[PDB]
Amino acid sequence: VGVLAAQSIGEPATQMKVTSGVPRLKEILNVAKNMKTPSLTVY
Amino acid sequence: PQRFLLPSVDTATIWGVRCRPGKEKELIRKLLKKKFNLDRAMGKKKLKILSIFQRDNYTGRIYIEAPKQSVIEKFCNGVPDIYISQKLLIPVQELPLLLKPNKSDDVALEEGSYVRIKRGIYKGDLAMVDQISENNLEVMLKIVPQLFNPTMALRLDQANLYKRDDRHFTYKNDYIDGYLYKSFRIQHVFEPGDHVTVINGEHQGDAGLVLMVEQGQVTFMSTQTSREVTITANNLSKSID
Amino acid sequence: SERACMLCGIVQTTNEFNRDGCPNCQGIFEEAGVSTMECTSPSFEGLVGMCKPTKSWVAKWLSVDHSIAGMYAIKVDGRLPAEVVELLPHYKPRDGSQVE
Amino acid sequence: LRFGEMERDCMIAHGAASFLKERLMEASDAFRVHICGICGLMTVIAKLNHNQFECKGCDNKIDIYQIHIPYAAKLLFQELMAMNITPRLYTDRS
Amino acid sequence: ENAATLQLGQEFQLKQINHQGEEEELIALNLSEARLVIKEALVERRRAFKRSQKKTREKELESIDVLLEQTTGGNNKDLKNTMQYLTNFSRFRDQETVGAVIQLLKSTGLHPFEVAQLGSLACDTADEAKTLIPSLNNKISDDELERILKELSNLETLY
Amino acid sequence: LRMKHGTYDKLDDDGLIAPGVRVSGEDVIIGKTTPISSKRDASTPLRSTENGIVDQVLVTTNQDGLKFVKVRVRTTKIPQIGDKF
Amino acid sequence: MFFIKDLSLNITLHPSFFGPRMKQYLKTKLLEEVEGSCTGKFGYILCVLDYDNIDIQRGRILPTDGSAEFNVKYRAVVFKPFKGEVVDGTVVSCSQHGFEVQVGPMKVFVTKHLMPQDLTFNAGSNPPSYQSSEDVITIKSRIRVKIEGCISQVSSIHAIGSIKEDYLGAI
Amino acid sequence: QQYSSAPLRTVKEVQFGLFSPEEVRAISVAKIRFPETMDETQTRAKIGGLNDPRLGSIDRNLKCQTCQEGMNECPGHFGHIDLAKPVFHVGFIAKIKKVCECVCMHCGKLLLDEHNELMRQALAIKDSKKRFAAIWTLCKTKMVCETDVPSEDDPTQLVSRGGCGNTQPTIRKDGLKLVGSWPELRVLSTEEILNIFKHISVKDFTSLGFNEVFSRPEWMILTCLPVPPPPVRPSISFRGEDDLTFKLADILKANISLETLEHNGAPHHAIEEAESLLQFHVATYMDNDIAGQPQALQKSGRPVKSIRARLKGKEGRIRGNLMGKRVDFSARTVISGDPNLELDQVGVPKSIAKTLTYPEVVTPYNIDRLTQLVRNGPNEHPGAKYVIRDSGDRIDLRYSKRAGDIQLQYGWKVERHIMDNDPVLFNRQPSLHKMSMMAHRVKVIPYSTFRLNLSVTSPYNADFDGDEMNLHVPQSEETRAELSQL
Amino acid sequence: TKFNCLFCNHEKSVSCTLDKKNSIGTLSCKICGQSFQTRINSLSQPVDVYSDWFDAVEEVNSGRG
Amino acid sequence: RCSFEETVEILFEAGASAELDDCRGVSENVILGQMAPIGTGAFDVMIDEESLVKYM
DNA sequence: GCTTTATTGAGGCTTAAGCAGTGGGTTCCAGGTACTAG
DNA sequence: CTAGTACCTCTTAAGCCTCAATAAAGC
Ligand SMILES: [Mg+2]
Ligand SMILES: [Zn+2]
Ligand SMILES: [Zn+2]
Ligand SMILES: [Zn+2]
Ligand SMILES: [Zn+2]
């Protein structure tokens with residue numbers, strides 16, 4: 001299961017205002033204490 | 001007399017300075033020449049440098065005897081291949097051993113002893129010390145030239161062959177009994193049933209079981225030969241079964 | 001070639017010894033009736049540049065306090081002639097034999 | 001050809017453990033090494049012609065087991081031993 | 001180090017493991033019981049071979065030798081030597097005698113090795129028994145030791 | 001003692017294949033032997049994956065005067081399915 | 001020393017010999033292995049009992065090889081001498097340094113220095129024997145001796161004993 | 001590849017304890033004391049030195065004395081070096097500093113005890129790493145050992161802990177040799193640190209995380225450097241000893257010089273320089289790249305390669321020869337589209353099919369087919385090139401002129417050329433996802449380009465613009481079944 | 001707070017304390033016990049105090065005060 | 001963890017701590033060249049001595 | 001009331017990490033220097 | 001004389017040490 005999940009999460013990254021795309025995935029995977037484009041949503 | 005030569009803080013003060021290996025003698029000579037030139041030029045004002053020396057076995061360092069560090073730093077300033085910054089104070093207790101001559105690895109030469117020639121066309125050839133000069137500067141060595149054959153010498157180079165005695169022949173300027181004598185510089189020259197194994201001797205590598213021990217001689221039955229062999233205890237090692 | 005005297009340890013070229021001999025032991029050699037070459041050896045270890053023999057502890061350690069400033073050898077191999085030894089009751093060889 | 005790490009994990013995902021074992025132990029470098037059952041070290045004296053097995057480190061006569069591993073594995077183990085690191089290969093779970 | 005002071009090895013513990021993982025007490029046997037179990041094993045082997053193939057110091061020794069030759073014969077010559085050693089100087093010839101001996105030794109509750117030695121080795125005096133096994137000195141009362149020794153001596157078969 | 005699968009028959013007496021000689025596989029192009037102290041072969045085998053007719057051979061002297069050899073081999077390659085355009 | 005215990009043996013079988021009679025071959029190989037075995041760890045194996053009740057665990061198939069590895073657990077009786085024990089044997093040969101005594105599957109040697117003073121070797125009889133003031137020793141004799149040392153061989157066990165305490169020797 | 005009587009069984013666990021000097025001496029069959037790797041005339045290896053025959057066979061045609069084996073079966077043996085002066089381990093230098101800070105510099109006892117509540121809380125941590133970190137933090141917080149500690153129940157009353165009272169210096173980490181400050185800064189002797197480690201009791205380093213059975217704080221201070229056997233230091237033909245052999249020779253020369261200096265009068269001045277040089281050489285041998293220190297330069301124009309470098313990254317053994325290693329039975333070449341091929345069917349060049357082989361075992365079912373393949377010979381595509389007998393020896397067919405006279409027997413194996421309907425794994429090097437490596441049925445074609453179905457291009461992300469793909473042929477029935485079914 | 005000294009010719013035996021509140025630089029040696037004081041600024045550094053001390057020593061030695 | 005970016009530091013840490021590896025991971029078996037407990041290798045295949053007789 | 005504490009945290013410097021696979025062409029057999037064998 | 005032979009030469013994640021306030025205990 002782990003290897004399948006890793007491959008399924010990595011394939012879109014290879015295929016590919018607010019940071020998005022590969023930089024966002026790298027930030028999410030890393031601890032990312034400092035946020036390049038921090039955001040908050042309130043309703 | 002040497003008891004009164006013990007170094008003291010108020011009498012001996014030597015500082016070590018790092019230098020490039022292989023330039024110790026040249027650096028010492030250059031420093032001595034510079035000191036002489038400074039003494040000749042400046043005149044009354046002379047740097048307080050008492051001696052500069054080095055040790056062959058201790059490469060990459062020189063030693064200067066001065067009363068103050070600043071004097072050494074000024075004297076050595078601008079001298080290539082000397083790291084004045086990388087300097088340390090030599091403790092007094094270490095001063096004697098620093099100047100103590102190194103124990104030469106050459107064993108005391110004795111008549112009939114076997115040695116190996118370091119320099120010469122017979123490199124790697126065993127030699128026998130026959131005689132030692134009174135000045136202890138040259139030693140006579142007997143070596144194998146294959147043994148000298150008077151017949152072949154007479155057949156080939158009789159012009160350079162001379163006979164001094166029934167067993168003495170001179171060839172190309174001294175062969176005795178087929179061996180060449182030449183002068184060389186000294187600097188150029190247990191319990192029963194225990195498993196035991198032979199580590200040294202004629203039976204080296206043999207293993208067996210001890211049966212009797214007496215007066216330091218251990219007798220063991222050897223499986224390889226199935227016979228009792230008696231060997232000195234020091235030449236046997238107890239092997240764990 | 002450079003040779004170091006077996007008596008005082010001074011190191012000098014063979015030409016200097018042949019021409020002028022040892023500046024510090026010429027008289028002793030002449031008294032002993034021996035040549036300078038026989039009292040000098042080509043094998044030596046270590047080099048010492050003595051500048052103030054009278055005020056240098058190294059000179060006292062090497063027994064060259066009364067000698068002149070110059071190049072000396074810490075260790076010199078060989079033995080002096082028997083005549084020189086007889087004239088120097090307190091002679092100490094520089095080969096390290098008496099440094100036990 | 002080189003069996004890349006990405007290919008290795010792709011095969012792992014495929015679940016073909018037998019294929020990976022064959023590829024990394026049969027189609028590639030293959031070695032057979034002897035290890036004691038007490039010290040678990042590859043330094044075992046094994047004379048196959050004499051059929052004599054003995055390890056000097058531990059006083060054991062017949063406690064040796066043979067394992068098939070890649071030559072790279074034993075090279076790594078020896079390199080670690082050079083670093084005073086001893087991978088103790090054991091055939092049983094404690 | 002292994003000696004007679006009950007300092008057994010790392011494997012000769014007082015407790016033993018079973019095929020099912022249960023822990024039992026170590027059990028020993030004497031020469032007569034050893035011969036009985038060996039004979040039973042030989043009979044079982046002979047029966048197994050037969051079914052598979054289907055689809056006074058002068059006569060007993062010959063029968064034992066021929067039985068050994070028929071099954072597990074020729075593989076090693078040490079088995080015959082061990083069998084001869086066991087048979088030549090055995091003590092009990094009847095199953096009932098060995099059964100009674102083991103039943104009596106069970107009541108003592110001593111170490112299996114000690115009871116095996118007592119049932120195998122022969123002793124006649126308390127001092128001889130004590131010096132034979134110094135470790136088992138302050139474990140068995142003198143009266144009990146004498147009683148068991150005389151019982152064993154009486155139980156000896158007359159060949 | 002060191003002999004390779006390369007066929008030395010193509011080599012002439014001089015040790016160099018002349019132009020117009022068919023060479024393939026590990027066939028030796030230059031025959032060189034280094035004396036050992038009697039000698040060990042040091043020939044330059046042809047590329048295993050490439051083959052063709054030797055086009056030219058030249059022999060000269062290097063800067064230090066040592067003998068030097070250069071052999072150019074020519075092959076005709078026709079378009080195939082795997083070729084890239 | 002005559003101890004019954006459970007021993008586990010691993011036996012490898014080729015996949016070809018997977019017929020109905022494979023059990024017979026496995027049992028034959030087990031008999032050929034256990035009999036004559038002599039290892040210092042487990043001592044000397046004497047016999048294996050309950051042949052018909054031998055249970056064989058499910059075989060293990062190698063990850064790549066087709067061989068099957070069966071771990072068979074069997075109850076067996078084994079013999080292992082210990083230091084300080086007293087055992088009886090029969091003299092097998094005589095020598096100047098002593099006489100070897102066969103006991104069970106093992107041999108025992110008595111040191112000359114640890115022999116009675118009265119006992120003395122004699123070559124006047126064929127074969128050479130030993131004479132004592134109150135005992136007689138020959139090739140065919142039952143001798144009870146104490147074992148003081150044990151030596152383990154690749155496939156043999158040796159004992160070193162002595163006869164100094166009373167009630168020892170010929171009986 | 002020789003028969004062995006040792007039982008066969010895979011490894012199930014791997015302990016990673018330290019290698020004790022006593023174990024080194026016990027297992028080190030030979031002793032290395034000659035820096036020269038060869039004897040006079042460069043014919044026989046130096047006895048009791050580098051490349052000694054006892055460690056292994058330097059070159060073919062000679063059998064290792066220890067094992068009487070050549071190159072195929074020769075794991076190698078290590079040698080023990082005296083190393084009179086202990087040398088800090090580069091990898092454990094931080095561990096050495098932490099242990100020294102955690103224990104007294106005189107009594108070799110843990111600075112704190114169970115009396116302190118914080119120490120008890122730290123010990124409560126089951127994890128070795130976190131517990132050791134907490135203990136180190138608490139110890140560095142303390143600055144002086146106390147012989148008597150206040151009692152928690154009675155703060156006024158104190159209980160004698162058994163300490164001395166010596167202050168704990170602030171140990172620094174500068175260069176190979178650490179310096180401690182009490183303030184006066186001084187270099188702590190390696191012998192003193194080794195003695196302190198030896199004085200550590202079982203409980204102390206057991207709490208610190210060192211397993212007594214397989215590790216000890218003293219064992220970190222290496223007093224003997226194992227000598228890798230010849231296989232670890234192959235001689236490259238140009239003998240051409242590797243850089244590691246040169247580093248070992250330099251270390252041995254340094255040790256010999258240090259021993260000679262010690263035996264020929266030790267002024268203690270140059271002894272420090274010799275010891276520092278030996279430590280630097282050992283550290284470079286174990287780790288050439290040392291942060292904030294000069295890198296040892298090999299005699300040639302290249303930095304010396306060390307074991308740490310050899311196990312650094314992709315080029316290292318871990319990621320270069322274990323996680324990913326080269327394969328024998330495999331081919332690589334360009335791919336071309338082919339609408340006339342089935343989805344699971346992949347075209348294969350005839351030459352690649354001939355080169356690639358499968359070891360099919362001889363059976364009565366296909367005895368005739370295998371005999372026909374053998375008769376065809378390696379040159380003909382439907383044939384074979386090698387025949388494996390029962391003994392395991394392999395006989396080639398092209399070199400043997402009597403191939404047609406060979407009668408196959410049951411149990412033998414023949415390396416037959418891959419035929420049609422033969423599963424093989426087709427892959428593209430950028431294995432981005434799981435579906436980048438799939439099994440295809442071989443279809444032999446008379447062209448030098450792999451051919452695959454049009455659809456399978458999408459999972460492979462292929463575009464036939466020069467893409468090169470790899471085909472791996474299974475070499476066993478197990479592998480074939482797994483590829484076909486999984 | 002480590003600097004060389006000229007009276008005892010010992011390195012790293014000198015310590016300098018800079019009181020910016022009082023703007024005073026005090027240099028003291030731990031071996032010969034020599035103490036010197038000078039005026040300093042907020043931008044002053046121990047090297048400045050050492051240079052001032054050396055200049056004062058030179059002036060005293062020259063006798064041109 | 002050795003197979004990751006940190007290679008020799010983890011080895012030194014394990015040596016200092018004498019860490020024990022159960023070899024249940026993929027990397028351990030891959031390095032040892034043994035069938036990992038993965039899919040096909042997760043379980044083991046045995047032989048039934050009672051079903052074989054009746055199947056014959 | 002004043003003095004000395006353990007704690008808190010906050011940044012500088014540091015040591016690490018840095019797609020996969022494949023094909024090929026160039027260059028290193030290191031510079032000078034002293035000592036010694038034919 | 002001449003030529004061998006060896007020999008000295010760009011973007012973050014954690015660790016640690018070093019810094020400036022702060023509430024309690026000594027006294
Ligand atoms: Mg493309
Ligand atoms: Zn072992
Ligand atoms: Zn070997
Ligand atoms: Zn203490
Ligand atoms: Zn001062």
Side-chain angles (χ1 to χ4, degrees), chain A residues 10-11 13-14 22-23 26-27 29-36, chain B residues 20-26 59-60 81 117-125 172 185 187-188, chain C residues 1, chain D residues 1-10, chain F residues 47 49-50 84, chain H residues 36 42 93-95 97-98 101 116 118 129 133 136-138 140-143 155 170-174 181 236-238 240 250 253 287 289-293 296-302 308 312-314 319-320 323-327 330-335 427-433 436-437 460-461 466-470, chain J residues 4-10 13:
Chain A
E11 178 178 1
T14 58
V22 179
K26 183 173 65 58
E27 185 178 4
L29 296 177
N30 302 334
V31 63
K33 295 184 177 181
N34 60 270
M35 302 298 295
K36 300 185 296 302
Chain B
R20 183 178 299 180
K23 303 296 183 180
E24 283 64 10
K25 303 181 180 180
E26 183 178 0
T59 60
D81 305 330
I117 301 175
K118 301 179 180 179
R119 183 180 182 274
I121 72 94
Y122 300 95
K123 183 181 292 184
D125 302 0
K172 293 180 177 178
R185 299 181 180 179
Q187 60 180 1
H188 294 348
Chain C
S1 60
Chain D
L1 285 51
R2 175 171 176 81
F3 193 79
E5 299 172 338
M6 52 176 56
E7 301 179 1
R8 184 194 62 82
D9 63 51
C10 285
Chain F
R47 296 290 184 178
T49 59
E50 183 63 13
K84 182 186 294 183
Chain H
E36 299 180 0
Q42 293 69 229
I93 186 175
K95 290 291 184 179
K97 183 174 65 59
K98 291 182 178 300
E101 292 178 0
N116 300 89
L118 302 177
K129 304 179 184 301
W136 175 76
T137 53
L138 295 174
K140 72 174 188 176
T141 303
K142 193 69 177 183
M143 300 298 180
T170 59
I171 302 175
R172 298 178 60 181
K173 181 179 180 180
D174 300 330
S181 62
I236 302 175
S237 300
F238 58 90
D250 184 7
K253 290 177 180 180
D287 183 4
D289 189 330
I290 303 176
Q293 296 185 7
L297 179 60
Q298 186 176 355
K299 60 186 71 175
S300 300
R302 53 174 294 182
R308 193 272 185 176
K312 184 187 296 184
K314 305 183 297 304
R319 295 179 60 182
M323 298 295 292
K325 63 187 77 182
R326 299 285 173 168
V327 166
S330 59
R332 188 177 192 268
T333 177
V334 186
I335 57 177
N427 172 82
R428 206 188 64 170
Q429 296 293 8
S431 302
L432 277 59
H433 49 266
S436 183
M437 182 158 184
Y460 291 143
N461 196 338
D467 297 6
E468 302 183 30
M469 285 187 178
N470 309 262
Chain J
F4 204 62
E5 300 172 0
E6 296 294 351
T7 304
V8 194
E9 286 68 4
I10 301 180
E13 185 64 13

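Every heavy atom of this structure was used, including side-chain atoms; hydrogens, water molecules and symmetry mates were not. Below, chain A is the first sequence line, B the second, and so on; all start at residue 1.
- A heavy-atom distance below 4.5 Å is not found between the side chains of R172(H) and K97(H).
- Among the nucleotides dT9(L), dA37(K), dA16(K), the one closest to any side-chain atom of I121(B) is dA37(K).
- Note on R332(H) versus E468(H): salt bridge recorded, some NZ/NE/NH1/NH2 to OD/OE distance being below 4.0 Å.
- At a threshold of 4.5 Å between non-hydrogen side-chain atoms, the residues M469(H) and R428(H) count as touching.
- Annotation: of the two residues near DNA chain L, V31(A) and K140(H), the 5′-most nearest-nucleotide partner is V31(A).
- Only the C1' atoms considered, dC27(L) is 11 Å distant from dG1(K), to the nearest whole Å.
- Base pairing analysis places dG1(K) opposite nothing; no Watson-Crick or G-U wobble pair with both distances below 3.5 Å involves it.
- The interatomic distance linking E101(H) (CD) with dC16(L) (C1') rounds to 10 Å, in whole Å.
- Among the nucleotides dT36(K), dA16(K), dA13(L), the one closest to any side-chain atom of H188(B) is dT36(K).
- Taking only side-chain nitrogens and oxygens, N34(A) comes nearer than 4.0 Å to OP1 or OP2 of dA13(L).
- Look at CG on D174(H): it is 16 Å from P on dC13(K), rounded to the nearest Å.
- Distance from the side chain of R119(B) is smallest to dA37(K) among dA37(K), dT9(L), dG18(K).
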Contact letters for nucleotides 20-31 of chain K, in which S counts primed atoms plus P, OP1 and OP2 and B counts the base, heavy atoms under 4.0 Å: SSS--S----B-

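- Checking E27(A) against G22(B), the closest nucleotide of DNA chain L that is more toward the 5' end is the one next to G22(B).
- In this structure, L118(H) and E6(J) both approach DNA chain K, and ranking their closest nucleotides by distance from the 5' end singles out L118(H).
- Rounding to whole angstrom units, NZ of residue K33(A) and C1' of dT12(L) are separated by 11 Å.
- Within 6.0 Å of the NZ atom in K123(B), the count of heavy atoms belonging to other residues, nucleotides or ligands does not exceed 12.
- Across the protein-nucleic acid pair, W136(H) atom CH2 and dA14(L) atom P stand 17 Å apart, rounded to whole Å.
- The interatomic distance linking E5(J) (CD) with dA14(L) (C1') rounds to 13 Å, in whole Å.
- In this structure, the side chains of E9(J) and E13(J) stay at 4.5 Å or more apart for every pair of heavy atoms.
- The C1'-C2'-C3'-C4' torsion of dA17(K) is positive, so its sugar falls on the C3'-endo, or north, side.
- Residue note: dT4(K) shows a south-type sugar, the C1'-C2'-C3'-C4' torsion being below zero.
- For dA30(K), the torsion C1'-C2'-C3'-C4' is above zero, which places the sugar in the north, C3'-endo range.
- Per the geometry, CD1 belonging to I290(H) stands 11 Å off P belonging to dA16(K), to the nearest Å.
- Among the atoms of the strands shown, none is found under 4.0 Å from any heavy atom of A94(H).
- As a whole-Å value, the separation of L29(A) CG from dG18(K) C1' is 15 Å.
- Separating the NZ atom in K26(A) from the CG atom in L29(A) is a distance of 9.5 Å, to the nearest 0.5 Å.
- Atom CD of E5(J) and atom NZ of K314(H) lie 10.0 Å apart (nearest 0.5 Å).
- With a positive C1'-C2'-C3'-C4' torsion, the sugar ring of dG18(K) falls in the north range.
- Taking the P atoms as reference points, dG32(K) lies 15 Å from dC28(K), given to the whole Å.
- Residue contacts shown for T141(H) are limited to sugar-phosphate atoms, with no base heavy atom under 4.0 Å away.
- The base-pairing partner of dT15(K), taking Watson-Crick or G-U wobble contacts with both distances under 3.5 Å, is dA13(L).
- To the nearest 0.5 Å, atoms CG (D467(H)) and OH (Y460(H)) are separated by 12.5 Å.
- A sub-4.0 Å separation between OP1 or OP2 of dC16(L) and a side-chain N or O of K98(H) is present.
- A donor-acceptor pair is defined here as one N or O able to donate and one able to accept, closer than 3.5 Å; such a pair exists between the side chain of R2(D) and the backbone of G324(H).
- Dashed line: the shortest gap from a side-chain N or O of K26(A) to OP1 or OP2 of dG18(K) is not under 4.0 Å.
- As judged by a 4.0 angstrom heavy-atom cut-off over every strand, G292(H) is placed among residues touching the sugar-phosphate backbone only.
- Note on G120(B): only backbone sugar-phosphate atoms sit closer than 4.0 angstrom, heavy atoms only; bases stay farther off.
- Atom pair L138(H):CG and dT7(K):P shows a separation of 9 Å (rounding to whole Å applied).
- South puckering is assigned to the sugar ring of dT15(K), since its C1'-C2'-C3'-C4' angle is below zero.
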